[PDB]
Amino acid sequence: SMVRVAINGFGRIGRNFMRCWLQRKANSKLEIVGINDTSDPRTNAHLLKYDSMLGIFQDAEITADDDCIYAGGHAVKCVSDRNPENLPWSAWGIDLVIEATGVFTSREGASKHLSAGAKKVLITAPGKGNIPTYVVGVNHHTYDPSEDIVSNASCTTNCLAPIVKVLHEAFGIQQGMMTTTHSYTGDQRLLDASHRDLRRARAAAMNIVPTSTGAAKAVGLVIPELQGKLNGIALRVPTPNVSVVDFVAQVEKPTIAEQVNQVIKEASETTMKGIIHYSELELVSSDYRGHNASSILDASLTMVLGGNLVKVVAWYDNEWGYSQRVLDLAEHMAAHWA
């Protein structure tokens, strides 16, 4: 029988995730039976169906009443309570909560779902404090089925970590720096306005906006040999989706661009198939909407100096690709459910 899933937070990730599940529903061990969100079912149904980035959902009918949303005649119960302690998880027999609000990323925060009755939580963001973090294709097999709260990290860490692993195994990464040139996200204001972070306050579609990021350090969680060896920053720019990681590493074994490319091409066809895609095409951000890989290496941009300083560039669809990984991680947990 199925693992019973509720989505907490029906936002860009919550709705991308839902759309990913609807496309892969026939082979799945997950059944999405509930959603909680600030908004009501009719608003959620409307936004699930009409998406400025994904287009109109055509695969099946989407409908709503006061209580439920219906996707292809699958009924999903809706509730709207900002306090996860109050949610009907025991009553709905919820096994796994997908925590996509961006608000309950600490153990104590996420545990509120457990005390409301869910058996496990998968947080769609980096965890705060001691929360086991997974990137599919890198360390997802180390998942321990006894764990009640996990994190699927960030979009950026999902893009960077698999490249780093391949490069580390082939060349030995000593140190590395990252910049993600990233689409704007919903934590940025539309026009200049009040915000705790003075950069996130500024008009998102009008500016290049630097922010600090934990994404590079977080690679050290999932590749423990590299802990404390990576750092970077983010630059948000006026696109609404699709991002790119720029990674410059100091490596031990001297190499050249051709060889770096070859090694990532070989991984994309074997150990990292479905996770890293290797491309020699001269494409731009739009072309990567809806791409299922965590990282698309842009081979033409790869360069090396003095044998040891390696630059690689990898695209990622930060909403859809990441949501596909969230789903992969959930399917994995369901296949390993004690």
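When you see a residue number, it is the position in the sequence shown, counting from 1. So that the term is clear: the rigid core is the largest set of C-alpha atoms that superpose within 1.5 Å between two forms.
Peer 1: When the other structures are laid on this one by the rigid core, do the CA atoms of 252-260 or of 208-216 sit farther away in 8 other deposited structures of this protein?
Peer 2: Looking at 252-260 versus 208-216 in 8 other deposited structures of this protein, the farther one turns out to be 208-216.
Peer 1: Determine, for 194-202 and 107-115, which one has C-alphas that on average lie farther from this form in 8 other deposited structures of this protein; superpose on the rigid core first.
Peer 2: The stretch that sits farther from the shown form in 8 other deposited structures of this protein is 194-202.
Peer 1: Between 223-231 and 188-196, name whichever shows the higher mean Cα B factor according to the PDB entry.
Peer 2: According to the PDB entry, the answer is 223-231.
Peer 1: Between 170-178 and 72-80, point out the one with the higher average CA B-factor as the PDB entry records it.
Peer 2: Taking the mean C-alpha B-factor of 170-178 and of 72-80, the larger value falls to 72-80.
Peer 1: Just the C-alpha B-factor column, please: which of 52, 300, 285, 39 has the biggest number?
Peer 2: By C-alpha B-factor in the record, 39 ranks first.
Peer 1: Would you mind finding, among 156, 115, 152, 207, the residue with the largest C-alpha temperature factor in the entry?
Peer 2: It is 115.
Peer 1: According to the PDB entry, is the CA B factor of residue 19 in the bottom, middle or top third of its chain, that is, lowest, middle or highest?
Peer 2: It falls in the middle third of the chain.
Peer 1: C-alpha B factor of residue 123, ranked within the chain: lowest, middle or highest third?
Peer 2: For residue 123, the deposited C-alpha B-factor lands in the lowest third.
Peer 1: Thinking about Cα B factors across the chain, which third does residue 140 belong to?
Peer 2: CA B-factor rank for residue 140: middle third.
Peer 1: Where does residue 254 sit by CA temperature factor within its chain: lowest, middle or highest third?
Peer 2: Within its chain, residue 254 is a middle-third residue by C-alpha B-factor, going by the deposited values.
Peer 1: Pull the Cα B-factor of residue 239 out of the PDB entry and bin it into the chain's lowest, middle or highest third.
Peer 2: Answer is lowest: the recorded C-alpha B-factor places it there.
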